[PDB]
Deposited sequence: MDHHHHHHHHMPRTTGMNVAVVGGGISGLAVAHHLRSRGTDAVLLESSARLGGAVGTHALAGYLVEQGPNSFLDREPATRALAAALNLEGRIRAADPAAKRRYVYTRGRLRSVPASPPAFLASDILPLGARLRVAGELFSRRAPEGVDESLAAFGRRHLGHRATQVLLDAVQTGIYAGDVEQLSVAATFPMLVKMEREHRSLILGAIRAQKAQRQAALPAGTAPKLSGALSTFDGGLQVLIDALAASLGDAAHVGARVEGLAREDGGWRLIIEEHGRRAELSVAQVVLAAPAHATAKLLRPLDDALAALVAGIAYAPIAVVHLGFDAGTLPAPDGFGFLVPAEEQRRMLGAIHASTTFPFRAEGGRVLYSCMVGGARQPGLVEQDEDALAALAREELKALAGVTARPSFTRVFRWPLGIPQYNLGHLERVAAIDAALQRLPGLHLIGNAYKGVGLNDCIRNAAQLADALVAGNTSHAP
């Protein structure tokens, strides 16, 4: 009847919250001095700066249901005004990526033949049978070379900060592969799905807008921490678990000393590496599978500027293609996107450095990373002004990379867990990277847990 949750990030918090709110007592244990994991918002120099994640697309019911059952729905905030535009640095300058098919055809985002090739997606050849094809392979077949080389690579780097050649399209973009399976052409599927909904309320309708909370994403975690209370233990590192008449025994280190705990079922919300260490003495082959999940390191450089030292930049931000051979991945554009996250007309840039193709840059110190960010923002965006604020967050264990073979690996992980009753896994490593995905998967697990 009692459950233990290892890891105090969103995956773990949401699982623990959903279990309690359905009549199942849960205990959560977190290594750090604080809950949240990657998610964290800091109040510094008149700004609200984000540790990692900045926003979520307001299109997931599970994250709405979580916000409702936590009295947060009125604190959600439009990714406000300014540019709905986004930019890609390609061929010498920042270029607006168009939002509509007619605008795209007249755009200069790609050369004429390359634009016409995207329209030729209607004649996309069949997908390779029984092959877990790469995102880049998917791109060349559907979109043409230029579109995948500049546009698809941008979307990819914006979400996973990874290698477009290594990422599995089935694991990273499941709805695109499903679309492909059903209609071959994506344009065809869009035309047909548009016809389907056109041929016939009660609660509302989700906008899909880029959203956050009024005090940043910290609002969600502070609301989770408060909802769990004494069930959420901070500075409690689990460093062992074993069987015991069904059931499970956790070895926990809290206030410098050793402690033990017996529970009916265990839920592991820790990153792949930390979870593998725990699974090792239990099943070496399963631990190997979990340990095989690659992570791309990433560092975020925040650069704040005094009101009037530079103009407010247009749009949600810009991304830079790997082929441009640059040391930065892109920037937001946070003050523009969410005005309330900056006071007194100050302008905030949140630059992203590293990814799967440049993991070595994240090892450098904070002053070197700040220097890097300024040089690139000068060469690409034309920002010459001196920053009045500078804050750097490094994640050596960054974003999990859903590379080729990932989907069959998660299947092998699932099959191995069935031989170990009462043991469960969630987290960004497995079946979704974003906040929305973690929240959804967390709720689904908790529901299925009451069996």
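Spell out the unmodelled ranges of the deposited sequence for me, N- to C-terminal, numbering from the first residue. Those stretches are 1-16, 217-220, 472-478, listed in order.
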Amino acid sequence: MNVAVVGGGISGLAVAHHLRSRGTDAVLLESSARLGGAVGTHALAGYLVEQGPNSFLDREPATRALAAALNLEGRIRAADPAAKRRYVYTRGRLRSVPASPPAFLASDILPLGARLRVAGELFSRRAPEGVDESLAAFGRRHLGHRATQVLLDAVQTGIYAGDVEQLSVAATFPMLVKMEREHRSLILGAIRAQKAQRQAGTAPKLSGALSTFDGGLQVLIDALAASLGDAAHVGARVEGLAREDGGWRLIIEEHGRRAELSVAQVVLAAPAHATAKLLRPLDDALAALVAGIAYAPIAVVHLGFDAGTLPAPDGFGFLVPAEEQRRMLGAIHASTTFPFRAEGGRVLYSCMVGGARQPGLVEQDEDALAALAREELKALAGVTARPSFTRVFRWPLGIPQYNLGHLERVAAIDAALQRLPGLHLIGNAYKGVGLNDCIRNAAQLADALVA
From here on, numbers count along this sequence of modelled residues.
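Can you tell me which stretch has the higher mean Cα B-factor, 163-171 or 89-97? Of 163-171 and 89-97, the stretch with the higher C-alpha B-factor average is 89-97.
Read off the CA B-factors in the entry, average them over 337-345 and over 152-160, and name the higher stretch. That would be 337-345.
Can you pull the Cα B-factors for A106, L188, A136, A370 from the entry and say which is highest? In the PDB entry, the greatest C-alpha B-factor among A106, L188, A136, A370 is found at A370.
Could you check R181, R117, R140, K195 and tell me which one carries the biggest Cα B-factor in the deposited entry? Most elevated C-alpha B-factor of the set, per the entry: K195.
Could you say whether, by C-alpha temperature factor, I399 belongs to the lowest, middle or highest third of its chain? Answer is lowest: the recorded C-alpha B-factor places it there.
Based on the entry's values, in what third of the chain does the Cα temperature factor of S262 lie: lowest, middle or highest? For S262, the deposited C-alpha B-factor lands in the highest third.
Using the temperature factors of the C-alpha atoms in this entry, rank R125 within its chain: lowest, middle or highest third. According to the entry, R125 has a C-alpha B-factor in the chain's lowest third.
Third of the chain's Cα B-factor distribution that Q199 belongs to, per the entry: Highest third of the chain for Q199's C-alpha B-factor.
Quick one: classify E375 as lowest, middle or highest third of the chain based on its Cα B-factor. Tercile = highest for this residue's CA B-factor.
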